[PDB]
Amino acid sequence: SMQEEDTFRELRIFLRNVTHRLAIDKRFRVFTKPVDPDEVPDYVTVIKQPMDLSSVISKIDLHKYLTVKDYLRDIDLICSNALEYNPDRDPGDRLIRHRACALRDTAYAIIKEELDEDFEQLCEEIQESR
């Protein structure tokens, strides 16, 4: 219905705002764009499901997220991809892992502080009705 499409539009506005705040954070620059094969050839061969904040923005605009949980699944994929690709004790690996955990923690904390639980529940119930 029209009421439901208004609900999903509000969700998209919210998600674009969260994603923007993550994307402008200097710590998360490394997650803002897809990994370049030219500069990192083995990534395409280790990470089966690449995800980045630019792709998240594209998916928001394609109406691919109907709940905050659907969105956080892709935030979690950005993080888990980074942990899998950077498992070594080397400082370059530990720096990316620290930033990946910070990206995940920051996204969850923004949503916990700013998303009304009844709004996420409404999104869930509309989605389950389809």
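Numbering (our numbering), first residue to last: 124 to 253.
Where is the CB? At the ideal position from N, CA and C, for every residue including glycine.
Using the rule of at least 16 other Cβ atoms within 10 Å of the residue's Cβ for burial, across every protein chain shown, is residue 147 buried or exposed? exposed
Less than 8 Å separating the beta-carbons of residue 222 and residue 153? Cβ distance < 8 Å, so residue 222 and residue 153 count as in contact.
Would you say residue 171 reaches chain D, if we count a Cβ-Cβ gap shorter than 8 Å as a contact? Absence of chain D from the displayed structure is noted, only one protein chain being present.
Pairwise C-alpha distance: residue 167 and residue 179: Taken atom to atom, the span from the alpha-carbon of residue 179 to that of residue 167 is near 18 Å.
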